[PDB]
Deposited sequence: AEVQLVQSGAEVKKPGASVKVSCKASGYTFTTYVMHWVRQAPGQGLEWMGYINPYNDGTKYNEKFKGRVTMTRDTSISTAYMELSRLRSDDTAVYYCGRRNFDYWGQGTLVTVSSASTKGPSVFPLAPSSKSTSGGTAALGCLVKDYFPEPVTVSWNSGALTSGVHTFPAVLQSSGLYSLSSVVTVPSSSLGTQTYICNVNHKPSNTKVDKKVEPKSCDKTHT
């Protein structure tokens, strides 16, 4: 099997640089060029350039001609991509693709932010069939996962994609719809996990 295995996710501050690798197996590395393609969140795919390992030749998109450099190491079958002077809209998942884009790497998320690791504040979305939930606000970086009643309540739960607010911090909501008659007696607790900050929050949501 052909396999393109990329390095892991990076978080960088504006102005920094990031070098991402892509190791290729299952075929002869120098036989095909290696492209880099990126995808900003919620947008399409955009070609950045390639390197031809056979002759060390490169071809860049005129959008990163003066910022990106590609390299290769034939003896370990690895192509690299370096993006310098990282700005905030370089936040994307970066992919390597081989040949005529017939096989893809798994992607490398690169987050460019002036924010620091910060655990979330959690607030109730109180009810008054009824709806209730939790507001998970002002955290960084992604991700937060949410469960309800320690994973015992899964029907009717929608945990929404996080949104990046003006502050560089993320905010999401998790809701669930429940029998209105259960609000007297059944206890609902959202379990918010934030691995980056080694924080876990449990919030009990009650009628006010």
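Could you sort out which parts of the deposited sequence are absent from the coordinates (no C-alpha) and give them as ranges from 1?
-> Residues lacking C-alpha coordinates: 1, 130-136, 217-223.
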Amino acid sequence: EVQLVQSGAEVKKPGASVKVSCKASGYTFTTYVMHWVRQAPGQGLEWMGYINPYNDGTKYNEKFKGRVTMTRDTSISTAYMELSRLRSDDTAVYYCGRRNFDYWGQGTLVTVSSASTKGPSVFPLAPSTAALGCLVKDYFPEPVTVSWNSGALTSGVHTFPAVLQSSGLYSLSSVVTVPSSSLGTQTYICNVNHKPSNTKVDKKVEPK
From here on, numbers count along this sequence of modelled residues.
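What stretch has the higher average Cα B-factor here, 176-184 or 29-37?
-> The deposited B-factors put 176-184 ahead on the C-alpha mean.
State which stretch shows the higher mean Cα B factor in the entry: 70-78 or 90-98.
-> That would be 70-78.
Is the Cα B-factor recorded for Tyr54 in the lowest, middle or highest third of its chain?
-> For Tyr54, the deposited C-alpha B-factor lands in the highest third.
Where does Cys134 sit by CA temperature factor within its chain: lowest, middle or highest third?
-> CA B-factor rank for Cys134: lowest third.
Please rank the C-alpha B-factors of the chain's modelled residues and tell me whether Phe64 sits in the lowest, middle or highest third.
-> It falls in the top third of the chain.
Sorting the chain's modelled residues by C-alpha B-factor, tell me whether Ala24 ends up in the lowest, middle or highest third.
-> Its C-alpha B-factor belongs to the middle third of this chain's values.
C-alpha B factor of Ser150, ranked within the chain: lowest, middle or highest third?
-> Answer is middle: the recorded C-alpha B-factor places it there.
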